[PDB]
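Given next are two forms of a protein chain, the same chain in both, each as structure tokens and marked structure 1 or structure 2.
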Structure 1
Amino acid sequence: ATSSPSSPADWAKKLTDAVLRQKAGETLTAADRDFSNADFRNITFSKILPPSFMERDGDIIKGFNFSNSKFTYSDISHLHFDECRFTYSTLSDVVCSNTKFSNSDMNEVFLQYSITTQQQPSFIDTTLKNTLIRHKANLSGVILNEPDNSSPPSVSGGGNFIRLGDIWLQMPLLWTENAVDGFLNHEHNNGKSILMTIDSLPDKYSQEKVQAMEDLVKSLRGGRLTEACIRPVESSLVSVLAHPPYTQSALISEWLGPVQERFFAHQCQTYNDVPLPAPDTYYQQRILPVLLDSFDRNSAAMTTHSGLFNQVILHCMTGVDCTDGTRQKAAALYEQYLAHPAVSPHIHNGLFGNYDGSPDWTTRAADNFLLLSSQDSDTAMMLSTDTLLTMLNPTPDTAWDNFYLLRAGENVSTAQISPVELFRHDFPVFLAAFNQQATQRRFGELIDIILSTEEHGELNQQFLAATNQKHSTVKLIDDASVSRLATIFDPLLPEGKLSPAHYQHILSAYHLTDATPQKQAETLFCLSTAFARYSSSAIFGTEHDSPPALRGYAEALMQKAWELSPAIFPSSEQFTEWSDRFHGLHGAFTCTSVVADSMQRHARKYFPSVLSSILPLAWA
């Protein structure tokens, strides 16, 4: 009868029958598709529907009436609903990863869905009149209407409500560290945030977008925090609000002014003397234009912070995802830089750019970059776009002699002076890049000692590759991996302790053969933290499984450090507690990237110089 009024199981079964007949080619009457008042509470639909219903471009649930239904706590992930009515339904705490709703009426529904949801749901040609939605959704295809007179939905707790067209969004009550992250930080939340949600609306609704954003900014201002609390999300904020159509809002623009200045000042403090991590698509499209704008508003910072300035310009010119406008603006700003009294002297007729005191941006081999010294007024470096790229993001085989040293209107000789020494005194960003290359080289050498390239090519390459990313798709927890790793690490750990021979190899690789017991211990501590990270859920381990061979090796590194110089440790049983969590007494079921976190925190506190010189940068 397309019907049944019993349990959730009974409802779900009638729906599956109807949807299967639909798939069979049968045309169902409106009576057959009437699931008004349906009880679908706690149903996992993937367990009751054929696989085709959850696949990309698979089967779809078309033309059903689910008025005033209960989907509470159910799992509708990866389903596609087309031409359905959800009016008055409860979808509170529903798992809806990548669920699509198209051509549907989802008016007056409760849609604060479960945070266990992975992919945002998306809404195409669908109305959400007076609907309370969680602030993470793809609204690229929603239909908006003029808001009515109604009161915000009745709710148990939380903050005030804002309109997004005729949709309701709930604000947090306070903007705590937790709320700031959950609402604003799309950078640390896989591209999801209220900022991205409001911004996903079609361009025909630019008015509604600005209005909703103004209301959020009002909430934010209405008891804002400080620099410590806004700091984690300054980047996410400017990534969206420093672009049209939010630029046309007098209210947003006024608020954003100080936020962007703080953001810019922070970048100047962090990346003037340290290489900016190679910008990805997001950074090139949303952040670089903001940095250009800040330099445009504070032209003095171009020469005061030429380390950061030159990096930004470089990435604007070479990023595959930068707009033409971004490149042109970068070039225009660079011209102002070159016109500066402190820079113009160094522009040397026979070597710079097109040779007429302007760069040649049509080629990467032209020497278009001049970098002022951080210490001496009269000295500069000149190099090509190609060279600067490689010196900022060094590779194992990058040379540090492909630049021109300028001074006194002359191309000076760089023979009989090591790049290191020049960088230390005059070019801090390159000292950092040089040290990064060195640190990577030495860690690589240790990898080669442990994992020979001739026997374990695949693993050596993976161990090497894992050092340049925060996360890994490679997990060494299958039987073959565990067996192979046991073969590599265990033989270096007789009785669970570092072999004396292996310890000497470490000493030679890190040139500590003549060093103090302390510097030796601190180095071993940091290496122990590195291998603890390898074994964590982020790299080669999962959340519930951490390769025992990697844990044993990290533990023994820490033991030898303790033997060498116990005073480097904070306590007797602090050493014991970490040792215990490295070990699998069979009572440790799940977790620790915790040992790595705790140990690393201690390293930054007491020997942050040793840590930075040992740890791969991406893991810092």
Structure 2
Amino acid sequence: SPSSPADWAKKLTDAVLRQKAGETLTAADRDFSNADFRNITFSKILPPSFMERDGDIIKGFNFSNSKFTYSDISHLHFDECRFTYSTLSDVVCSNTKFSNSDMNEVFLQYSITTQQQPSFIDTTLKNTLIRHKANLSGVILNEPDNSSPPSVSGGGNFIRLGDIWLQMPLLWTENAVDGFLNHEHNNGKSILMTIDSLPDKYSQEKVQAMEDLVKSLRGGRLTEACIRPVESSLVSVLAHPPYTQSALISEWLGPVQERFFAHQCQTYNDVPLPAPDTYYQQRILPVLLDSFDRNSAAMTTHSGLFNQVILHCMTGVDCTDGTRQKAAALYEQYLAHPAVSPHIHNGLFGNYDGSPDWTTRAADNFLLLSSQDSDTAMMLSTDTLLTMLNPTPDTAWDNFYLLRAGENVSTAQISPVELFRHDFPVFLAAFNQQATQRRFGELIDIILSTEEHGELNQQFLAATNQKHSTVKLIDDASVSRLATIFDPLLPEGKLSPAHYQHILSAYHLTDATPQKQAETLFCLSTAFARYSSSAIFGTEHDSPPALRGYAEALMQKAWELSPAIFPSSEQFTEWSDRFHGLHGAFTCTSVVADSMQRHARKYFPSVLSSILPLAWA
């Protein structure tokens, strides 16, 4: 006795149902101390107004020392509330909002199943254990005491974020690194982003918390391979002030940033960078500038990467003016480099004086160096350079002035694609990939009825234009869409042969060989796996069913052809499962999609690059 949460749920319901009906609840009426809420799905016992944007709030309630555990307060918004001494461990709080509240001495280690990320506005979290991924842009920090780091049955030591406790791992496994540091693999959710989110004013409680973390890494062993998956994630946050002014963070970052750069010069010097989204534009471009700044040699001997980085800094819509200025500056270097000097001509380049005219994109503002003959060069304008980089169905190529070295050299006898060959590898890749993005483009239309589901027919194509998609297709209106779209494309489980017939022809290869045919639509499966995984159309624990159906359909119809190309009879079964839930329900299909593609780039990798959007490679 007394009774279950089923009691308190009903009690709460009315309290707010009346609170919203106008009644200014007595304090006694809204005192819910020691309230049992475990396994309560508030979504099922409150009106929808309480979990929508506009928002009905839960104001003035006192849940001091209460139990939510396996509870679900996702999308709810608590205001002027006291949780002090309450546990919230294993609570699914997808996008929950706590404001003007007292959440002190609470155990806020919410369920990993949480999607969005809880946020705390003008709320205190004194001596409380939180997961290292809350939105704390409105959190109140007060000088810490001493007390005791909780703890319980978990893992490693604790560090303070002001008066907030955060729990380190027991040991930096590859998985530890991922859940903690890799916000790029987890829709912007890492311990990095978390402590970086505090108001630009708590700037020593932060630098502190980083330094502390950084230590627990310095104290870990972390082979140059543990940190490779996150070189970017890390450098996205700590290669910026206020962290640039530690000594630790600054010193520890050193190698990591160098490794970052080098890796980029290898990967993207002969190859197009996916048109930078708003994060890349704000957190990566600055860093590449810094690295080019500190390595003036690279500006020339990685002309490929450099130019790209500049164009993008100066075209990106979300680029801090600082970036735009530093990028303009660094180009002035380049443009005065003795390797480049000769190619620049007053009355020809940029503003006819010797610099670019950054005021009009029609201006011949770029001079790329050849990767073979340092004395041959291409001059072209911001507009044409953007389209040659991330092309379009009908993007012209023959649209530049060749310089050697010496004035304009006549085209109309030069095959631009044989020019890109060794002189300008970037465009080769762009042109080459544009050809492969067209066939796969056809399939997208064969299955999303040209202009019916025309909204989704485009959402799908847009996702192929870089590694991470901010938009996700998992709801109720969204799950219905695709199950009505793929269901008929696969009568009773497998691959409708009248559709295997479509995709026979529309990849310019009906009859060839089962060994190649298997590899072909295997890749197509690792393509649709990627579609349904995290980082694209699903979150780390919720992948579109139908997209996993179509994906499983494809590798099943790859097993009958040449199963000898696969890894094992264990793997097909191991994978073909996953697409259905016999195997947990987390790390998404980001394992299936990642591993299937990994077993491609080895054993038969030529086919991976002909179907697989460049951005997903």
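Take the two forms, superpose them, and find the largest set of C-alpha atoms that agree within 1.5 Å; that set is the rigid core. All residue numbers here follow the sequence of structure 1, with the first residue given the number 1.
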Identified hinge, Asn435, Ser92, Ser299, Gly182, relative rotation of rigid parts between structures 1 and 2: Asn435
How large is the turn of the smaller rigid part against the larger between structures 1 and 2? Whole degrees is fine. 26
Rigid-core fit: what Cα movement does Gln574 have between structures 1 and 2, in Å to one decimal? 9.6
Relative to the superposed core, report the C-alpha shift of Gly157 between structures 1 and 2 in angstrom. 2.3
Hey, core superposed, how many Å does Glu445 shift at the CA between structures 1 and 2? 6.4
